[PDB]
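A single structure is presented below for examination.
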Amino acid sequence: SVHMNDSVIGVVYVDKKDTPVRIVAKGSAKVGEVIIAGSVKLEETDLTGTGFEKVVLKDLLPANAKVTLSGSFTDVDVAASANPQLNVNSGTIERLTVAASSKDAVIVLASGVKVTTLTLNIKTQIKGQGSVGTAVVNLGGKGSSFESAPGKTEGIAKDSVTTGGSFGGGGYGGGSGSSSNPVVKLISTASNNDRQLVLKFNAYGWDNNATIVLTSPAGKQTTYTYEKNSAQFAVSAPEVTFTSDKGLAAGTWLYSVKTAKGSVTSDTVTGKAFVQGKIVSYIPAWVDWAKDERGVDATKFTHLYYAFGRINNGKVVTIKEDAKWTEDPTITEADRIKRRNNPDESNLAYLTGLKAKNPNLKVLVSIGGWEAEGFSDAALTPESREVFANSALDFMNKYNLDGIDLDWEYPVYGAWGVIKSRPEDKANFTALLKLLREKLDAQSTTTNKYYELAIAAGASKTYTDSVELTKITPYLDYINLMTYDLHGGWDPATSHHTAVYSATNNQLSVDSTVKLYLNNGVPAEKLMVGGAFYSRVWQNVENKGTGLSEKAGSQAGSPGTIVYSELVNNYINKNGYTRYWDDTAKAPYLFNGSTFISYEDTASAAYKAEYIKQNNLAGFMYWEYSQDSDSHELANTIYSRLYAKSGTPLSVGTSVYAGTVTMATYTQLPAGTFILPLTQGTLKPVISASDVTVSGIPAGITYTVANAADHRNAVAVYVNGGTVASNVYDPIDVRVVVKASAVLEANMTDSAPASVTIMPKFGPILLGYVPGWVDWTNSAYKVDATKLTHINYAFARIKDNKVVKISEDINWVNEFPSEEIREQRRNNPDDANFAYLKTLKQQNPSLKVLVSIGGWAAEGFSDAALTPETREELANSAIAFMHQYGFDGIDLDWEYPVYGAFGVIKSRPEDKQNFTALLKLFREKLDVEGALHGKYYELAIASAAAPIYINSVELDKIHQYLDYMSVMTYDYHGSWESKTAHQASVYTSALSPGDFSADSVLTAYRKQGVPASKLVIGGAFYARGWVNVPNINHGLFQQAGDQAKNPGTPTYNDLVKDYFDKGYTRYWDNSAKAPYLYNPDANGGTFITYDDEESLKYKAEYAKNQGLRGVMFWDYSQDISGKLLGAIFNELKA
Amino acid sequence: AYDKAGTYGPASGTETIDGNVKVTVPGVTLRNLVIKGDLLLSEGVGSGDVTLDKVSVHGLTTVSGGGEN
Ligand code: NA
């Protein structure tokens, strides 16, 4: 034998005759190619070097030569016609090849041997228990045999090879051995539009039991068993499918499943499922969210992405620390200074604080964005990736966020030089994502709080080609698809930038993108569709067609993008820009003959939401929340669509912008226009006559309907004007239905009939409450009847089911223990006041003075309303009182049916229907009275703002009996609560979504069916307020402390002598059109909410523009200046 | 350089030769050599051993003899 100890040999040729030479390689030995032309045994013993590598059995090999190999070989080649046998006794061969020349070749592979690749080019017998990882059976290898089956077989003659014994590959194989246990295998999970979670699994050993625990995205643990809950389960053979209730919270659910058989309890298996309905709202870091006045209503989305965190020195920092951003040389020095001071920490605190208004809200940090540098380097190596990931988690943890999103724009191509990029970005992005997912999971083992990981992705094929979708997707809760900026002024012709569908072959869309992503393996479940709250603009577009798909010239001056709020304010159907719709793409655009604007609106948002639901996608993402309209119409539309109840189509909704046309004489109606914006649904750019129905326009007066000029989405009803057939003494209710056929959206239903008003020639009413506990005859401040049309005298009361003077209500007379007040109340100056009112009625002979029966704590209504007999008695008595004291009608102020102001007065459930019967009877009797007395008597009520009031009264059944309802659009907030707010605001502040205003209250009355012309808006001549109010935003919408020193209800006169310029500063909520006072020094901070001359002007303006009957206020005594009244009166005359 | 010996070669020190060698008999160790040119082993090595300790062959090795043991 020949030993080759720590040696070096080159090529070796073996022509040993008759019996083999053994050749050994020991230690650091090194051998070239061994060429075999005789009998031989290669052996590698105690080998530290590489030893043998290539071996070839050549055609010179003699018949029956013995050739055996032990060791680790590379390529071994049997190329010998003399019926060669190769024995491989131990070790490994990378590639063993049996050549076409090697007739009757036999290959004997001993049990520990591993051949990674065996290639057969001649029919070969392979023997022994040795292993072959892949047998490549080419045509010449057809019919080859293996005593033990190769791991895989490839090549054209694969199917011809035989394996195993005479049994067939793997043998008689039987048994065993004692199986039994319940195993659960997970098949898959799914969601639907209804937000059910569906869990499918194969349960071996189905013993009619199993237990599932669900963890909500907000952490709620929940358990389901076949025992309690087989209603939610369905069994087949191994197939079992669990089905949750509808309406689960959108986002990522964690589940565990296990089966048993009494004691023998299965391996617990776990996973993640995804519930449809996510709304990802991007919020920009560069708005100062603490100072913002436009507001954020986080009830309309599920996720808030803080855009953006940045990368500096391979770590994650606030955007103020990113010099690429703060030192942009393209802006002004003052602009850079604002950037350097960007209030990130304040922002982040304000935004997580919105959880109070939506507790399910997740807030994530989004890292990166357009022109954000640092990713290629951050991802470059295992240590760069480690610093980054750790940094990202610090950010997340520092601000108490719910997860991390990356927006790298973009791997590999770097958006073509905008950022640094390299080829390695592609695998590096995968590794970075892997790492982050690892670290977030690690941390959750401690915190027991699940963290999301997500990205924003490019829509282009270039982007999909630059990342490893199938590889990264398992690390991601979802991909946010940037299905916007699809086309833009960089294109030589105009197109849509964010369309749902591709209408022409080269137009990209949401649909083209989603199809690209699905085609690369990404699941629907994990795809968020993108929308934009901004437009892409082209200038110098040829003035052809509609501008769409037309050539554009120079973009030199171009703004590039215009944010949706600016489009609403100044472009959509404004300033010569025509609104058009592409009914194949489902996208709107504007054109003025030279500028083309592609954008996203209410209609495209609805088609996009419907695409998402139709394809069972993850939800709707948008850039960015602050670009929306004042009302947040895009955000609201998105929420409405994705959260719509299956089986009920959305109704078209309206509001009113111009709701009054006023008669010039008793019979001459001038031309005029009613304007009604849609609140839900989007008109065709051009409507037709059959799309709107109008009722109530007088006979012989013609009208047309059209889209209103200078509005984006409003109906105009043009009343032609003419001569009404008989005198018009009272308002005419006009009702406008916007039909399903009017709008762009596909399956909406008709709007409810919207009420607007033809006003009779004297215009709106102006009603003052005049308190009867003021002795007017002797009051230095008098009532100016030239400025009122109406007075309500507060109050008459009910005693023994009879109407009596207020001095007969002993509850009221003795309200206070003061013996002076009791005496003054017993002697309430009603008779003197009635002679006074009568003198008023001389210097304004058109004045109406009504008696108000009831008021706060006034008893007797629930009893009076109970039977036909009590109603009769109260009505007859109220009428006798009316006539006896010279009144022109009756107002009833029942405070309040059903709930009794929470136990202040008696109440019953029956008050709801009985109030209707009471009013009906009062109207009948007053018709009788009128027909006897030669005159008309009014019937009105005072009514309340709260939803409980609305639910406690039949508004749609009572309006018919009433001249109007004086709605108490005040006392919304006060000392009974600890947080400050507007007690009387005409509009709901942008900073208090869903809050009370005149607008919100009077809309809700109208949505119950009450005509605009039976509504009266209420002003308050007194304030409400809070003490211990923090000096933040001048006390507005602040949590307040102990209220024992609360100022109660100062009147405007009190405000004048004690508050104004006494350390109180007057502020103005412009979205609410409401004033307030703050004094940091008064009692820990004092905040006052009231009406003033400005807010009453706006109430009055609201009345005129909405077609209301008029304005009312409480009360005449509370402003001895005449200025509050003068403000109303001047605006109603104007 | 055609051997027929015993343990023929250097000690702790590597030693260069050249030309076509012909170790023609059993038991012949060769050590710390570095042979430019060929190494032959001939039918004369028969059924017996031949060790090679820290050798080098820049040319062709040609095993025509030796046994299994
Ligand atoms: Na080897």
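Just so you know, these numbers use all the heavy atoms, side chains as well, and skip hydrogens, waters and symmetry mates. Here is the naming used below: chain letters follow the sequence lines, and residue numbers restart at 1 for every chain.
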Ionic contact status for A:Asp6 with B:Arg31, cut-off 4.0 Å: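 No salt bridge links B:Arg31 with A:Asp6.
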Check ion pair A:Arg95-A:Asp75 (N to O, under 4.0 angstrom):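 Between A:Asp75 and A:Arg95 there is a salt bridge, with a charged N closer than 4.0 Å to a carboxylate O.
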Atom CD1 of A:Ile156 with >12 non-hydrogen neighbours under 6.0 angstrom: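 Open: at most 12 neighbouring heavy atoms sit under 6.0 Å from CD1 of A:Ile156.
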Residue among A:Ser28, A:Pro20, A:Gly32, A:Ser39 with most heavy-atom pairs under 4.5 Å to chain B: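 The residue among A:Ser28, A:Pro20, A:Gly32, A:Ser39 with the greatest pair count is A:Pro20.
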Winner by heavy-atom pair count (cut-off under 4.5 Å) against chain A, out of B:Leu60, B:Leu39, B:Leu52: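 Greatest number of close heavy-atom pairs with chain A: B:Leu52.
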Parallel, tilted or perpendicular: rings of A:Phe73 and A:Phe52 (30°, 60°):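 Ring orientation of A:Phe52 relative to A:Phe73: parallel.
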Side chain, backbone, both or neither of A:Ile35 within contact of chain B (heavy atoms, under 4.5 Å):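 For A:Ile35, neither part sits under 4.5 Å from chain B.
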Among B:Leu33, B:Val57, B:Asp49, residue most engaged with chain A (heavy-atom pairs, under 4.5 Å):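 Result: the option with the highest number of such pairs is B:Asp49.
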